[PDB]
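Written below as structure tokens is the structure these notes are about.
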Amino acid sequence: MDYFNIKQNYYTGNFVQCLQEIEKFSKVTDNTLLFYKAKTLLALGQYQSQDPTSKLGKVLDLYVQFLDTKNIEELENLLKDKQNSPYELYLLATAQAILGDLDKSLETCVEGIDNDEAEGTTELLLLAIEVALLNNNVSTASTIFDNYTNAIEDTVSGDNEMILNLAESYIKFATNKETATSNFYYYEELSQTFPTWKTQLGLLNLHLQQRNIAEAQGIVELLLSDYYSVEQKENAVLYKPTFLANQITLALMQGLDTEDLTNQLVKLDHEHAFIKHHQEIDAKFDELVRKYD
Amino acid sequence: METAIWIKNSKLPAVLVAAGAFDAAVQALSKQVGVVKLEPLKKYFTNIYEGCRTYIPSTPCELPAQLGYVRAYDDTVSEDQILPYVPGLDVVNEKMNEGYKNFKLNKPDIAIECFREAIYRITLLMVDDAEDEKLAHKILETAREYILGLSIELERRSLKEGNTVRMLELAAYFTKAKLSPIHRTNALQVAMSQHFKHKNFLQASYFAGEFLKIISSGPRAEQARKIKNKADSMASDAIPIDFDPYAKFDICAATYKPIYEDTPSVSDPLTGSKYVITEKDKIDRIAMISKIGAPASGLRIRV
């Protein structure tokens, strides 16, 4: 172990703190330290490419430039054809997947998971499971997960254990298994231990999950409460879309006009899951209007 | 992995829409309720579809969110009987009420718009107890009876001077709309007066009377009384109308001429509205969704 703090603060969503937990490691350049520094930096008001020298940190620079477009050019180019670290890969797969190349994205992931713990592996693993689920391969997601778990049963969970539960969580969310039970306690706790959007929003889904609109509603008025919609301006704007999404899916369970005034924000703002689908679906219908006139 | 368990578990409209099978769903509704105009049914597929899917965010936030399905049941259930979540009467009722809200508020147009939303929601409803399927229908019935009632008064309003004959006709038909009595009052009162500003106490005494026999005492009620008196003093036939209180007939929902048991009529598979044979194979005027006359296997909603 070591910087289990920095990690446990990242996967929970308070980059605010996650950063101050890395500040503690007064300039001891470690790839892991860089990864997370870079990543928390991106997750916050602003990122600062720290060194374009590292055949890793030079990648991060790319990755971010990537995020401001859709060209995986220099990124994939200045990387492919030479064996590299999972941390490096991680960024690529993500890039790829953000583009929609999920089949390849996942491939990229597995390729890295294959350097068996060569630092960063567990981080990739999660990503693979996520990318997998994004593409709907729950079967694979599990298999990938299962086969890595019962595998390294050498109590290697020195801290990655929480990175691991995260993955499991996302899987459990898709499977819908123990939604009410164990999977609820998971988020439940997390929220109570680290109040953030990342965690609160998680809880929120779990509630919508359980048809408990009552509790869900509360979680929302709370997220609107001064403390979250104002007091944490940063990692609150980061999650606005998704939040809105849920606002809808809940507004719908109770059948409220809001469907518009609400996803109007998400629409004239982002283009993720909910809207990606909302588009496809809206077309499918107008498509049937043509078919029956 | 998921969506399938739904379709496998239930092949009904709701579930089809929910599982993403819109063609499959449109088909089912033609066969069972003879739905034909798909347009005012768009947002309902949308709402059904979106209403059971929610998104969790995925670690590196700037990565597409993750889908999650909202099942209509908790852990303990036939690992078969797995189905999507869907609105329910809970709301149908809610909406119906807004209809009543607007009815009282004299905003006809809006009232109608409500009832239709109710009708549409029923159409794509999904129920647990055979029992509620029963209520879904009672609600459904009522609705058309209000869209009808209003549809008439609304058109009785869109009449130009001189059509006098027709106007009293409609005003008295409106009375026929099987609404909760309390709401039928407003109808009766409308009829009651217009058959007085037109010397027709042979029915005015009827309406005003059929009114007083539900409303005991109030500002309005008191007028209805005074009207039955000055009217029970001159059996006047100033203007002959097709309407005769003492008989059994239904009001055609397109014409607004009555349909006696002798009359050749045509119903609508969803609504139940009845029309003159004249208008067979046309769109029903209640919920502009299905084809009048076409045959339906019957509206499915019980799981």
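Protein chains in written order, with PDB author numbering: chain B, 1 to 293; chain A, 0, 900 to 1201.
We put the beta carbon where it would ideally sit given N, CA and C, even for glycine.
Taking the straight line between their C-alpha atoms, what separation do you get for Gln217(B) and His1096(A)? 57 Å
Go to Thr1040(A), then tell me how far its beta strand (DSSP E) extends in each direction, as first and last residue. It is not in any beta strand (DSSP E) - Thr1040(A) instead sits in the alpha helix (DSSP H) that spans 1028-1055.
Can you tell me the Cα-Cα spacing of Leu1048(A) and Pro1006(A), whole angstroms? Taking the straight line joining both Cα atoms gives about 6 Å.
The alpha helix (DSSP H) enclosing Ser956(A), as first and last residue numbers: Here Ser956(A) belongs to no alpha helix (DSSP H), and DSSP marks it neither H nor E.
Reduced DSSP secondary structure (H/G/I, E/B, other) of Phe145(B): helix
Does the distance from the CB of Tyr947(A) to the CB of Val915(A) come in under 9 Å? yes
Give the straight-line distance between the Cα atoms of residue 1214(A) and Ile1112(A), rounded to the nearest whole angstrom. Nothing can be reported for residue 1214(A): it is not among the residues displayed for chain A, which extend from 0 to 1201.
For the stretch 234-250 of chain B against the stretch 942-956 of chain A, do three or more pairs of beta-carbon atoms, one drawn from each stretch, fall closer than 8 Å, so that the two count as touching? yes
Restricting to runs no shorter than 4 residues, where is the alpha helix (DSSP H) found entirely within the stretch 1079-1156 of chain A? 1079-1092, 1099-1110, 1117-1129
Applying the 10 Å Cβ sphere with the 16-neighbour rule, what's the burial state of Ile1175(A)? Its Cβ having fewer than 16 others within 10 Å, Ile1175(A) is exposed.
Paired residues, beta bridge with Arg969(A) - DSSP: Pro982(A)
Would you call the CB atoms of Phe194(B) and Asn31(B) closer than 9 Å? no
Integer-rounded CB distance, given that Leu127(B) should sit under 8 Å from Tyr90(B): 6 Å
Run down chain A in chain order and give the residues with a C-beta less than 7 Å from the C-beta of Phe274(B). Those are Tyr953, listed as they occur along chain A.
Kindly list the residues whose CB is nearer than 8 Å to the CB of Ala251(B), restricted to its own chain and excluding five residues on each side of it in sequence; keep chain order. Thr258, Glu259, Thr262.
For a minimum of 4 consecutive residues, which ranges assigned as the alpha helix (DSSP H) are wholly contained in the stretch 77-126 of chain B? 86-99, 102-113
The alpha helix (DSSP H) that contains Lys999(A), what's its start and end? 987-1002
To the nearest angstrom, report how far apart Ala1133(A) and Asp1160(A) are at their CA atoms. Going from the Cα of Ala1133(A) to the Cα of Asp1160(A) covers about 29 Å.
Okay, do the stretch 1144-1158 of chain A and the stretch 1122-1133 of chain A touch, 3+ Cβ pairs below 8 Å being the bar? no
Cβ neighbour criterion (16 or more within 10 Å) applied to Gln930(A): In summary, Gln930(A) is buried, with 16 or more beta-carbon neighbours lying within 10 Å of its beta-carbon over all protein chains present.
List the DSSP bridge partners of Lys1172(A). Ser1165(A)
Once you ignore the five residues that flank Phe1109(A) on each side, which residues in its own chain have a CB closer than 7 Å to its CB? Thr1083, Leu1086, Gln1087, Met1090, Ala1122
Using the Cα positions of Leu1046(A) and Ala167(B), report the straight-line distance between them to the nearest angstrom. 56 Å
Quick one: does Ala963(A) have its CB under 9 Å from some CB of chain E? In summary, chain E is missing from the structure at hand, where the protein chains are B and A.
Would you check if there are 3 or more beta carbon pairs closer than 8 Å linking the stretch 197-210 of chain B to the stretch 8-24 of chain B? yes
Segments of 4+ residues assigned as alpha helix (DSSP H) that fall wholly inside the stretch 193-251 of chain B: Fully enclosed alpha helix (DSSP H) runs of 4 or longer: 197-209, 213-224, 226-229, 234-237.
On the DSSP bridge assignment, give the partners of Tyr1158(A) in chain order. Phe1147(A)
Does the beta-carbon of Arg1014(A) have 16 or more other beta-carbons within 10 angstroms, so that it is buried, or is it exposed? buried
Inter-stretch contact (C-beta, 8 Å, three-pair minimum) for the stretch 1180-1188 of chain A and the stretch 917-933 of chain A: yes
Considering only their Cβ atoms, is the gap separating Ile1017(A) from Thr1169(A) smaller than 9 Å? If you check the CB distance, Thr1169(A) and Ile1017(A) come in under 9 Å.
Excluding the five sequence neighbours on either side, which residues of its own chain have a C-beta within less than 8 Å of the C-beta of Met1(B), listed in chain order? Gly158, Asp159
DSSP-derived helix/strand/coil call for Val156(B): Three-state result, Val156(B): coil.
Using CA coordinates, which residue listed in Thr901(A), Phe1072(A), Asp1179(A) is at the minimum distance from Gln1092(A)? Distance from the Cα of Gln1092(A) is smallest, within the candidate group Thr901(A), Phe1072(A), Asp1179(A), for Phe1072(A).
Residues near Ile219(B) in its chain [Cβ-Cβ closer than 8 Å; skip 5 each side]: Hits under 8 Å: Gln200, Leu203, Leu204, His207.
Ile6(B) versus chain A: which residues are under 7 Å apart at the beta carbon? Ordered by position in chain A, no residue passes the 7 Å Cβ test against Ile6(B), which lies about 15 Å from the chain.
Kindly list the residues whose CB is nearer than 6 Å to the CB of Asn5(B), restricted to its own chain and excluding five residues on each side of it in sequence; keep chain order. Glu21
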